[PDB]
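Written out below as structure tokens is the structure these notes cover.
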Amino acid sequence: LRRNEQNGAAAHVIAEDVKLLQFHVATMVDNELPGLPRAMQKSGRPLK
Amino acid sequence: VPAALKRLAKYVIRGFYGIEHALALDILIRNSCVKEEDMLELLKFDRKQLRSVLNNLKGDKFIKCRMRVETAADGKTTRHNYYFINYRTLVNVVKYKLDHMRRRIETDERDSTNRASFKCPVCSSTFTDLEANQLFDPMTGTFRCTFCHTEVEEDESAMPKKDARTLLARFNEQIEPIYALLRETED
Amino acid sequence: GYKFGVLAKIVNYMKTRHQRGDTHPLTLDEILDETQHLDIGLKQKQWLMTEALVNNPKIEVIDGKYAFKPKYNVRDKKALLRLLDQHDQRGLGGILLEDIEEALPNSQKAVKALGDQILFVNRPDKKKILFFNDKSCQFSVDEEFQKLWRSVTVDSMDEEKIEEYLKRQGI
Amino acid sequence: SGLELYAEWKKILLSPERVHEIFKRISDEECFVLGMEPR
Ligand SMILES: [Zn+2]
């Protein structure tokens, strides 16, 4: 995200990039969000 | 629409923005209000490219847009985006970009002061000038660090500070020509 | 081809003939001879004469006969510069580099000779779009200036805060 | 919806930054009314 702002990337790219950052931040706090994908550990086992 | 506003908009857009933004402004200069679709055909730009440029022009509020919804001859709904230049909002935003840069001089100067004057190169750990005295051993007669048992040199931390000062006076040169441009806002 | 295949060969043969350097016009019957289309239908003979050989932008009607249109195509450095100038003056838009190359043989010589007079925009597919270099008002500055300008984020600010700064600093 | 907020009056997506400024402008006294100790 920092490079995109530094390089003045497309607004939609940042908007999509921000969405992924929001997912991981929310996912780390809680991996059982309502009606949202479960972030596995690359093996089908949901992260705690 | 006084010619002073029209003349400046070209001057500013050609300065801080690429030819793509200037070309779009020319269409709005010729006609007070122009459809988004009409601009796309005239400029022949890509749909995503034009939208990104328009979004950037909307980011600084140089030109405003209004959405008109009507029924086409075949019955399908038509939503046309009409873009028009708002000089009153443009002047305020462009003026805001002056004081920030003008006041940016103070902010940049603080960056140099942040760097520590004394540093230890061997251990690659910044040494506080006061902490050096406590770390300094009176028996040895020269300041040293116990963990690495080597002499310290603060000359290295000196050179980066000098360069940053040139970047400041060099920064001011950029906004000097624009100061002349923005005088057309007040006229 | 019936009603569609014959015309394609006429266009191809005509295009090749011009590349040889024969600017002289050619009649409908004359062109048919070298294209092995002597048995073309009568209704196609009038259709080509009335529609195909006039509506096409590469067919010039001269003294009744038909000839290529190298004038519209760019074949000189001066024409290349003039075409871009008209596009900017009338706001028609840019032209892809590939379109100029086919129209202008050895377009590199003309492009390099004009130099900065042509503005090149690289499309995602490597295609280059040419735009006239309007030298009326120019302003180029150091790279770091834009970097600092980019560092000043403005899309994430509200109008009230943006306008409040003016009175905050007293301007 | 999901992790994104929508504001309608027409409709524009609300980003986390767009909400930060409003919260900063809130006075300490207003927090007491909202049942949240400012300190
Ligand atoms: Zn050390």
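Numbering of chain B is taken from Swiss-Prot, so the residues present carry the numbers 10-196, in order.
Looking at the header, which is where the method is noted, we find electron microscopy, 2.9 Å.
The backbone N, Cα and C atoms fix where each Cβ goes, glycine too.
Here is what Swiss-Prot says about this protein:
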- B:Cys129, B:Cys132, B:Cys154, B:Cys157: Zn(2+) binding site (BINDING)
- B:14-104: domain 'HTH TFE/IIEalpha-type' (DOMAIN)
- B:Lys67: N6-acetyllysine (MOD_RES)
- B:129-157: zinc finger (ZN_FING)
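Everything Swiss-Prot records as a feature, shown here on the structure.
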residue: B:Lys67; record: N6-acetyllysine; Cβ within 10 Å: 15
residue: B:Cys129; record: Zn(2+) binding site; Cβ within 10 Å: 23
residue: B:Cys132; record: Zn(2+) binding site; Cβ within 10 Å: 14
residue: B:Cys154; record: Zn(2+) binding site; Cβ within 10 Å: 18
residue: B:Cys157; record: Zn(2+) binding site; Cβ within 10 Å: 13
## Note on the structure
Within 8 Å of the Cβ centroid of B:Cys129, B:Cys132, B:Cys154, B:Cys157, the other same-chain residues by Cβ around the recorded Zn(2+) site are B:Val131, B:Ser133, B:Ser134, B:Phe136, B:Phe156, B:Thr159, B:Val161
### Query
Those recorded positions, B:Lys67, B:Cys132, B:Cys154: which ones have a Cβ sitting under 6 Å from ligand 1?
B:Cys132, B:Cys154
### Message
Please report the three-state DSSP label of the residue listed as 'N6-acetyllysine'.
### Response
helix
### Task
Would you mind splitting the zinc finger (B:129-157) into helix, strand and coil residue counts from DSSP?
7 helix, 5 strand, 17 coil
